[PDB]
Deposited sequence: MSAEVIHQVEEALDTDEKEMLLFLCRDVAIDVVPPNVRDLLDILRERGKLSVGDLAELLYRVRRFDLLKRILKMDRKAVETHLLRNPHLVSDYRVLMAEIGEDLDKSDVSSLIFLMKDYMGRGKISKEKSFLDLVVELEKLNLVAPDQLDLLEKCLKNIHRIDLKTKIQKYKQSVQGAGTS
């Protein structure tokens, strides 16, 4: 709510969680690309889509529960119930992409980009690669064939199972 909460949240997070937060909030800011997490939070507050519940949900997606226990004075049960009842902000596709990118180590992404180089043109992370793929209109919540096939080819079948489960859910 107040600027104190935003300042504390900015001070608490590190670089990796900041990048994950930017990726998660990429869709809600449909036309604005923010350079800092501070700018993103200011934009969300100005647009009126930021509240105590929404900020708690965003911090819960990043998996920082001590921040909920300290700043927002909330536990995981309350935010879980709020998700169950109140519709959430980030789509299931974004959190699925984050979950997939969490499991890929620092070496498999190089093999994946080498495989995918034929469709496009240097320490790329999986999140940056999927952002590029979405930019080239190759990966969409309706088009998940390329990612599933490429994950199968590099012999990572648990992630293929995750993608299949997500497709079955919707």
Practice task
Enumerate the deposited-sequence segments absent from the coordinates, judged by C-alpha atoms, in order of position.
Solution key: 122-126, 176-181
